[PDB]
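Following this are structure 1 and structure 2, which are two forms of one protein chain, each written alone as structure tokens.
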Structure 1
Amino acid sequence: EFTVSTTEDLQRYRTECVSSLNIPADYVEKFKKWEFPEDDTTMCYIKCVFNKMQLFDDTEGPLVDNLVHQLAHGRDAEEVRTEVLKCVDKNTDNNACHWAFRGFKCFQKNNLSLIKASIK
């Protein structure tokens, strides 16, 4: 089974991803206020955290059932699934960091509240 991620899963994954990727504190500050510059440093951050939460695979791409579970807590599956899938695309520029980001970007645009609430 896949289980949901919380604030202190995120906290852990944030510090691990900052470490391995060597993310400037600069960038970390923006992430904490849900701001995301459109460059590789931010893109690979998102991939890393998604990898650790089991929401994205570098080969397979977005993991749809897990994304819906994460967001829905297995409650409002069908509605959330429809919104999640609108943001699912293929690895068009063979850049896994970009792929994960572009998904996250699509979904944060309209549904950022749900993302924050999925952690809470």
Structure 2
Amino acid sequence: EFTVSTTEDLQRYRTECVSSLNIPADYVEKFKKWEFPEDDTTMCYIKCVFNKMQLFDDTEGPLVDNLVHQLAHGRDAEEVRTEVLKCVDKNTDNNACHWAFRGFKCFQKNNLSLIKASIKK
């Protein structure tokens, strides 16, 4: 199946992508703080992280079922699906890095968070 990502997963993925993409150190600090400049370096970073979280695929685009699992955090699936779908679009400029980042940006606007705190009984 697919499993939801935690802060720990995100941490690991950050490390794996920083290595595999050769991210300059000035960027790593920003990324540690969840601060994302709108440039190619960052956009490919987001793509890599989404790939690893299984939220985005370079051919199929944003992966809605998984996103909903990830963003729902127990909230009502269907309203989340409706929100997510508002963020889905085609790979208009044939740049998968742009594609991933455009969705990330839309999620931001629609106040949809990949990593949220969680209260359990």
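Every residue number counts along structure 1's sequence, beginning with 1. Shifts are known only where both forms have a C-alpha. Note that the rigid core is defined as the largest set of C-alphas that superpose within 1.5 Å between two forms.
- Relative to the superposed core, residue 90 shifts its CA atom by less than 2 Å between structures 1 and 2.
- Positional change of residue 61 between structures 1 and 2 stays under 2 Å at the C-alpha, relative to the superposed core.
- Relative to the superposed core, residue 31 undergoes a C-alpha shift of no less than 2 Å between structures 1 and 2.
- The two forms, fitted on their core, place the C-alpha of residue 49 0.3 Å apart, compared between structures 1 and 2.
- Core-superposed comparison between structures 1 and 2: residue 110 shows a Cα shift of 3.1 Å.
- Core-superposed comparison between structures 1 and 2: residues with C-alpha shifts of 2 Å or more form runs of three or more at 28 to 35, 73 to 75, 112 to 120.
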